[PDB]
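Bear in mind that the values in this text are calculations on the coordinates, not laboratory data. Cβ placement follows ideal geometry from the backbone for every residue including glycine, while neighbour counts extend to all protein chains displayed.
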Amino acid sequence: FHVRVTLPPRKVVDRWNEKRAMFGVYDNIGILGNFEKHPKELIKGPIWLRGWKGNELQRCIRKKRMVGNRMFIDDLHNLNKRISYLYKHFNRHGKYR
Amino acid sequence: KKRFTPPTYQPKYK
Amino acid sequence: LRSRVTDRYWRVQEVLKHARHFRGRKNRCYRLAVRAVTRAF
Amino acid sequence: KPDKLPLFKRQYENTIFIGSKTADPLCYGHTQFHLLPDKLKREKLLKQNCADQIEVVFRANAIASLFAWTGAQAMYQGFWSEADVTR
Amino acid sequence: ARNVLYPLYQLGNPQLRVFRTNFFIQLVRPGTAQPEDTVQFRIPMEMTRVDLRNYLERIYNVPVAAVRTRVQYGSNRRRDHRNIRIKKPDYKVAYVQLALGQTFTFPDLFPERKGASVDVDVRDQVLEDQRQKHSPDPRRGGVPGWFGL
Amino acid sequence: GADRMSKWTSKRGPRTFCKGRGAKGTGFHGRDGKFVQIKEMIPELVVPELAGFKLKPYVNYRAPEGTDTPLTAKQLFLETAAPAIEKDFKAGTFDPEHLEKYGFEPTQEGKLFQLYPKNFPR
Amino acid sequence: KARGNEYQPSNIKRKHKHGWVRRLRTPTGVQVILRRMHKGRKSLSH
Amino acid sequence: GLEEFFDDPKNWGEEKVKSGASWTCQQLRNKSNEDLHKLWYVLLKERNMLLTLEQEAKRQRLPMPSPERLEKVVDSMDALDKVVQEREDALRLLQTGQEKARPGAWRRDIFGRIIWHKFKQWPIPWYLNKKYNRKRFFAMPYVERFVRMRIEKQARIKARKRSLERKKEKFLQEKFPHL
Amino acid sequence: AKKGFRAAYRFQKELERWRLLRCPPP
Amino acid sequence: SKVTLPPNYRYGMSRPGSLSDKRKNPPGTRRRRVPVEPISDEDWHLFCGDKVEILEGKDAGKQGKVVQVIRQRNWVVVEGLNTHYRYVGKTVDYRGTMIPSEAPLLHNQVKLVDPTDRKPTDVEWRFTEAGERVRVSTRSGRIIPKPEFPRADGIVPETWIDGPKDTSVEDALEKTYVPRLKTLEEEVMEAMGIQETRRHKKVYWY
RNA sequence: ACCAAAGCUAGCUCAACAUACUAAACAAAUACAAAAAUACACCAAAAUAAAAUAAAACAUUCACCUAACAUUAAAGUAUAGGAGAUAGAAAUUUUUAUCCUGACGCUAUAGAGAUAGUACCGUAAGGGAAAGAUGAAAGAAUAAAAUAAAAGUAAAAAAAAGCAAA
RNA sequence: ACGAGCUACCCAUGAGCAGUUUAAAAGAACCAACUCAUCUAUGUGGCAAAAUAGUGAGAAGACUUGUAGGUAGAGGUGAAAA
RNA sequence: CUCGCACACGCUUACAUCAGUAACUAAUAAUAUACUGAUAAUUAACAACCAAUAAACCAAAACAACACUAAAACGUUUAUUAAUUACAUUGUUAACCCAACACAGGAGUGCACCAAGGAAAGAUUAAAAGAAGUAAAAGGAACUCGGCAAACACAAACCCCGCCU
Ligand SMILES: [Mg+2]
Ligand SMILES: [Mg+2]
Ligand SMILES: [Mg+2]
Ligand SMILES: [Mg+2]
Ligand SMILES: [Mg+2]
Ligand SMILES: [Mg+2]
Ligand SMILES: [Mg+2]
Ligand SMILES: [Mg+2]
Ligand SMILES: [Mg+2]
Ligand SMILES: [Mg+2]
Ligand SMILES: [Mg+2]
Ligand SMILES: [Mg+2]
Ligand SMILES: [Mg+2]
Ligand SMILES: [Mg+2]
Ligand SMILES: [Mg+2]
Ligand SMILES: [Mg+2]
Ligand SMILES: [Mg+2]
Ligand SMILES: [Mg+2]
Ligand SMILES: [Mg+2]
Ligand SMILES: [Mg+2]
Ligand SMILES: [Mg+2]
Ligand SMILES: [Mg+2]
Ligand SMILES: [Mg+2]
Ligand SMILES: [Mg+2]
Ligand SMILES: [Mg+2]
Ligand SMILES: [Mg+2]
Ligand SMILES: [Mg+2]
Ligand SMILES: [Mg+2]
Ligand SMILES: [Mg+2]
Ligand SMILES: [Mg+2]
Ligand SMILES: [Mg+2]
Ligand SMILES: [Mg+2]
Ligand SMILES: [Mg+2]
Ligand SMILES: [Mg+2]
Ligand SMILES: [Mg+2]
Ligand SMILES: [Mg+2]
Ligand SMILES: [Mg+2]
Ligand SMILES: [Mg+2]
Ligand SMILES: [Mg+2]
Ligand SMILES: [Mg+2]
Ligand SMILES: [Mg+2]
Ligand SMILES: [Mg+2]
Ligand SMILES: [Mg+2]
Ligand SMILES: [Mg+2]
Ligand SMILES: [Mg+2]
């Protein structure tokens, strides 16, 4: 439980940088823009997670279906094993049934 | 059954 | 986001302060102090 | 050191032999004849650039062979280091 | 030469000639009492007796008579700080016996100089005198001698 | 167990394991079991005469160097054949079919020191 | 009687059983060498 | 001439021995092949003498007098060898057009890699060679999987190296805000 | 390395307390 | 010859293969990495042998000559300006020769000074119309000559005497190459008169 | 007072883009018993995935399980199933180009096993680590400052009687 | 996938058995080297993950042993002790 | 007190000279073949690599005279071709190998039983209990499951089961 004996360097974080000032600026692009673009298109990230949300099993299933043809050998094997384990646990284990 | 436990040697580095 | 306890020193000391006047290892070891302090209370 | 001649040590049966066993009545020697091999020929030595070795090989062969054979005669007669030769 | 591709020899082929040899040898002082006509070389591991004989007879014009070679194995027992064995390289040792009766004795390549010895003795004496004069006076008992009074 | 990182040299095996250390062979095996050495297989060092040679292993320290201009095939051709080709073309006797008179070798199988097969060690 | 000395060294047997040539002479040994290469082993065989 | 392995007897005990600068590529190229051939042995004798001196210094546990001479000689010999190799390469490019002086081919061994197999010199053709015939230049169908693992491992190494370099650049920019 | 400033500040207060207990200022 | 260094190597004004550096950092050490501002060879305007001024430190405003530069840590050192005093002669019962050694300085703390007004200036690289790249000051607008410095060998070409094993300048610069289409081997054979009639047989390559 | 304790870095992880994918070294030697220049050959081979598990047993069955078609729906629908557990489409529909890419991921028992597939352990296939911390300068070690905070000891062995405390 | 460098059994290639009694080199007898391991006592985190001391059986044979090769697990080998 | 010398297999410098050992290895010191650093070393005659193609050829080794059965490894000559010309390459240390160890264990062959190898005891005292040995009055298995062990004995018989090695 030994704790450090010196003051850590105080992080000089500013609230008025470019990212913090323009955070989510076009969140209402559709509503205020005569609908052409959903707020889905502003999400940057993995291809299988743009404008989508699910639990671990659904996320693994979607990843395997979408980008499973470009995964490495061990990555695909790990994804398959994780899918199998999640299927078994979710469909056969738990309390509330 | 003749059950025997073989000793396991500690790693040589320590 | 990995979270770890940083005030464990004070968490231990809050119990160890009530066992300073004991005898044996109960005044030092936290495992033997929590049981002795509860019995004391 | 003798190792730089070069000579090499070996361990095997150490025998003292005259050319016949001790039971042979002809226990004394008269003359030996030694034929030099093809490795120690004059032309071979000249190619090897050993001009003065032509007589050294003869001297070494004579000394070693004659000493060995005379010592075999002496020890057949019954002389050794502590019973040094009388004739 | 070494690290080069020697042309294949077949019946009637031309004589193999090497123009710029890649072999570098060293002349070493024997660690064991050798006869007067024996000279000790450390030669590359790719060199043979005939190659060394030609090397000495042509480049240096040395009347050699015999050449005997052996391979000395370098120790592989010393361990690095990562517990990885460090191997000293193996090397070929050759003994060359001269022909025309020439006797070779390894010279003293580092003759000590009388002037250098005298200079070293003078420097040692000066250092000893400086140490003696810097040594504190026992009668002062640790009081610094820099201050006047 | 035995080692695996160590090199597998001729000192680490039985008597029947006699591996060479990298020296080139110099002959074959004769009739009665001896080794017959071939003279042509032994390299012959072509050592020049250094008695009258007026050069030393080190250069003068004040001697200037030059800009690095590695020799290329274009420069070699310009130096050895371009003047002859130009002069012959001006004279009008140039023969494109025959180039052996200019140093060109159509086939390397004829001469002693071949370039592509590399018949010479050094 | 007493065990533990089941390894009697011999270079001929070592090289004939776990050597480079022995590994490469069979399709399964080539797979073993490929596995060792993929793992990054310093020594693929004896 | 067995004394040529040693320096002049008047320089034996000297602490420092001066020498000229090393030979350079332009100076070597300015010389003819006769002078290059002679200078090769001129430098060979000096290199042997310097190696002898270094070994003797190690044996006597004393520093070698001005050990930069060996480095200079090695550099000069390397420059001479480079010049001769350049001339030979240019001539063989002019005469044959082959870039490499030794025959070779891009082969594919049983491990799936692409290697540059150099050709060895033989007295019999390839189809009659006991040792060469049992070699295998091709990959069996079970090697594609390991080839894919090799590709993916190299890709992972390169990707994490790129990420490390990007993180280092960002950290340096944050630490030194000179913009 | 545990991320945080509260623990460091609290231990600084503890260190000041220990120093005051060890060397009581006049 | 060159020495190899681990990536986690700290530079301390000592030669990497030197005994002092070896004793400071054994081969089994790997210290924390210090942040070094990336400055390229085309933007490093601080050379060795030029006069510079000191911005911050105990010797504020003092000028000195640069004696060494370390590009790995962006260090520049001047002779006897920013000095701490250390003892070099240490024995069991004697001490002395307390000399002032000098600490390294950063490029942000050392800036070049032009020789005209001897006042601090900012140096920017410019390309001249003559094909040369010479540093040009911006505060005043003048070029700064390259500070020629003696090399570490210790010999100057103006005073050099050839030894027994040195070529003369004329012999070294003499050109005797005749660029013909013969190999070194063929030319040596022709020069020495070595006659070889028989030729190699057919050799198969595979 | 010893033993000790605290650094912030090495580097890792997850995605996007991407040239289009077995890196650099390959002078010589490397599938003779690998790293051994050099002799009349022989070379090549395919034939289903199984089971652990679920059906509370287990026999028919048991999604993913190293074979491309992605997304919004039809739809968990038609169907297939000891018609049980479970499995499960299709016809037919939607999907606007590029930058805006970094981190409400870890900080040396964490993050890759990795300082490294190295030491070491096995005949072999194979398994597989721990170990870094001063400073602008150690070309400032008669070297300077912060904690002297875990367990274990010493400073300072114990005096009838007892879950050791109230 | 890897294992017959220990061990089970074979295939090649070698090697050992001294003295005494017997027309005997007789799967005879005494007893060495050598090979096994009957009984007892120590040892039981031991010298030893099976040993030491004494005492025992065989010791010209269905014998012991060196080197190298082969038989591989739904198997091998086995004078069957699973 | 007596397992010594060498070779083969195996380990690979642990071997030799000098120097140091505060600490690291020796289960402790002295110092050193076992730790540290520097420098040197094993030199071929012994051993390894070191002809094919056809033909004549039934007649054992065991002191081999001559035989037995279990039928037995070990060769010359003739004819055709075998580059032809000094010096090729490789193994040469050791107190060592396999057993986690500087382990009372496991290790092939030729020589002799010492002419070569070594030391059971760190220093005391002589409690109990324990291990090994020697001796013991009278008795002589009365001990014990059993004459196990031991003994100045080391002999003769009767059964069961397996013919015997
Ligand atoms: Mg030899
Ligand atoms: Mg191993
Ligand atoms: Mg060998
Ligand atoms: Mg051997
Ligand atoms: Mg010969
Ligand atoms: Mg074992
Ligand atoms: Mg079930
Ligand atoms: Mg269940
Ligand atoms: Mg059941
Ligand atoms: Mg069941
Ligand atoms: Mg299945
Ligand atoms: Mg039905
Ligand atoms: Mg049912
Ligand atoms: Mg880690
Ligand atoms: Mg405490
Ligand atoms: Mg009480
Ligand atoms: Mg076998
Ligand atoms: Mg076997
Ligand atoms: Mg007998
Ligand atoms: Mg019998
Ligand atoms: Mg016994
Ligand atoms: Mg007894
Ligand atoms: Mg006995
Ligand atoms: Mg008996
Ligand atoms: Mg009997
Ligand atoms: Mg079954
Ligand atoms: Mg079976
Ligand atoms: Mg039965
Ligand atoms: Mg049974
Ligand atoms: Mg060993
Ligand atoms: Mg030593
Ligand atoms: Mg000790
Ligand atoms: Mg020996
Ligand atoms: Mg004692
Ligand atoms: Mg007693
Ligand atoms: Mg008793
Ligand atoms: Mg008695
Ligand atoms: Mg009695
Ligand atoms: Mg009774
Ligand atoms: Mg009774
Ligand atoms: Mg009895
Ligand atoms: Mg009786
Ligand atoms: Mg009896
Ligand atoms: Mg029976
Ligand atoms: Mg009978």
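Numbers for the structure displayed
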item: Residue in region E:97-120 that is surrounded by 15 or more Cβ atoms within 10 Å (Cβ to Cβ), basic (K, R) and outside any loop (DSSP other than H, G, I, E, B) present; result: no
item: Selection within region J:1-40 - under 26 Å from H:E68 (Cα atoms), more than 10 Å from RNA strand K (Cβ to nearest atom) and in contact (Cβ under 8 Å) with a residue 60 or more places away in the chain; result: none
item: Pair list, Cβ < 6 Å and 6+ apart or interchain, from region G:1-19 residues that are closer than 21 Å to G:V32 by Cα to residues that are of a type in the set (S, T, N, Q) and near RNA strand M (Cβ under 7 Å from one of its atoms); result: none
item: Candidate set: region G:21-46, residues that are within 10 Å of chain F (Cβ to nearest Cβ) and of a type outside the set (G, A, S); chosen: the one nearest to RNA strand M (Cβ to nearest atom); result: G:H46
item: Residue match in region D:32-39 (condition: more than 30 Å from E:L100 (Cα to Cα) and either away from chain E (no Cβ under 14 Å) or more than 19 Å from the chain's Cα centre (by Cα) (or both)); result: yes
item: Region H:129-153 - residue that is free of Cβ contacts under 8 Å to residues at least 24 places away in the same chain, charged (D, E, K, R) and part of a helix (DSSP H, G or I) and, of those, nearest to H:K118 (Cα to Cα); result: H:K131
item: Identity of the residue in region G:34-46, of a type in the set (G, A, S) and within 21 Å of F:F17 (Cβ to Cβ), that ends up surrounded by the most Cβ atoms within 10 Å (Cβ to Cβ); result: G:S45
item: Filtered residue count, region J:57-97, keeping only those that are in contact with a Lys or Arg (Cβ under 7 Å, 6 or more places away or on another chain), within 14 Å of chain E (Cβ to nearest Cβ) and among the hydrophobic types (A, V, I, L, M, F, W, C); result: 0
item: Subset of region J:132-154 that is of a type in the set (G, A, S) and assigned to a loop (DSSP other than H, G, I, E, B) - its residue that is surrounded by the most Cβ atoms within 10 Å (Cβ to Cβ); result: J:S140
item: Filter result for the condition that a residue is more than 14 Å from chain H (Cβ to nearest Cβ) and within 26 Å of the chain's Cα centre (by Cα), over F:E49, F:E79, F:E86, F:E40; result: F:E40
item: Members of region H:41-69 that are more than 14 Å from E:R29 (Cα to Cα) and not in a helix (DSSP H, G or I); result: H:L62, H:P63, H:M64, H:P65, H:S66, H:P67
item: Selection status of J:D43, exposed (fewer than 12 other Cβ atoms within 10 Å of the Cβ) and touching a residue at least 60 places away in the same chain (Cβ under 8 Å); result: yes
item: Test: residue in region H:121-136 that is under 28 Å from the mean Cα position of the chain (by Cα) and within 10 Å of another protein chain (Cβ to nearest Cβ); result: yes
item: Output for region G:1-22, where each listed residue is among the hydroxyl-bearing types (S, T, Y) and either in contact with a helix residue (DSSP H, G or I) (Cβ under 8 Å, 6 or more places away or on another chain) or more than 6 Å from RNA strand K (Cβ to nearest atom) (or both); result: G:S10
item: Candidates A:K95, A:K64, filtered to the one that is touching a residue at least 12 places away in the same chain (Cβ under 8 Å) and of a type in the set (K, R); result: A:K64
item: Residues located in region J:155-168, provided they are out of contact with any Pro (no Cβ under 7 Å at 6 or more places or on another chain), of a type in the set (D, E, K, R) and assigned to a loop (DSSP other than H, G, I, E, B); result: J:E158, J:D162
item: Residue check, E:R70 out of contact with any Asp or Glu (no Cβ under 8 Å at 6 or more places or on another chain), more than 7 Å from every other protein chain (Cβ to nearest Cβ), assigned to a strand (DSSP E or B) and surrounded by fewer than 18 Cβ atoms within 10 Å (Cβ to Cβ); result: yes
item: Residue count, region G:6-33 (criterion: part of a loop (DSSP other than H, G, I, E, B) and either more than 16 Å from ligand 2 (Cβ to nearest atom) or surrounded by 10 or more Cβ atoms within 10 Å (Cβ to Cβ) (or both)); result: 4
item: Within region E:21-40, considering residues that are out of contact with any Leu (no Cβ under 8 Å at 6 or more places or on another chain) and charged (D, E, K, R), the one surrounded by the fewest Cβ atoms within 10 Å (Cβ to Cβ); result: E:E36
item: Near pairs, Cβ below 6 angstrom, 6+ apart or cross-chain, from region H:1-30 (within 14 Å of chain F (Cβ to nearest Cβ)) to any residue that is part of a loop (DSSP other than H, G, I, E, B) and buried (at least 21 other Cβ atoms within 10 Å of the Cβ); result: H:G20/F:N60
item: Residues satisfying the stated conditions in region J:41-55, i.e. part of a strand (DSSP E or B) and among the acidic types (D, E); result: J:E53
item: Region F:1-27, subset within 14 Å of chain G (Cβ to nearest Cβ) and β-branched (V, I, T), residue surrounded by the fewest Cβ atoms within 10 Å (Cβ to Cβ); result: F:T16
item: Criterion: outside any strand (DSSP E or B), among the acidic types (D, E), over 28 Å from H:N30 (Cβ atoms) and within 14 Å of chain F (Cβ to nearest Cβ) - qualifying residue of J:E185, J:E129, J:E190, J:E196; result: J:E196
item: Region F:28-51 - residue that is surrounded by fewer than 16 Cβ atoms within 10 Å (Cβ to Cβ) and not in a loop (DSSP other than H, G, I, E, B) and, of those, farthest from ligand 6 (Cβ to nearest atom); result: F:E44
item: Members of region C:9-41 that are within 14 Å of chain I (Cβ to nearest Cβ), without any contact (Cβ under 8 Å) to a residue 12 or more places away in the chain and surrounded by fewer than 15 Cβ atoms within 10 Å (Cβ to Cβ); result: C:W10, C:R11, C:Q13, C:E14, C:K17
item: Tally of residues being more than 6 Å from RNA strand K (Cβ to nearest atom) and touching a residue at least 12 places away in the same chain (Cβ under 8 Å) across region G:23-44; result: 2
item: Of residues in region E:22-50 being away from chain H (no Cβ under 14 Å) and not in a loop (DSSP other than H, G, I, E, B), the one nearest to ligand 6 (Cβ to nearest atom); result: E:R49
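Here's the yes/no breakdown for (1) of a type in the set (A, V, I, L, M); (2) in contact with a helix residue (DSSP H, G or I) (Cβ under 8 Å, 6 or more places away or on another chain):
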residue: A:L57; (1), (2): yes, yes
residue: A:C60; (1), (2): no, yes
residue: A:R70; (1), (2): no, no
residue: A:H77; (1), (2): no, no
residue: A:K81; (1), (2): no, no
residue: A:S84; (1), (2): no, no
residue: A:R92; (1), (2): no, no
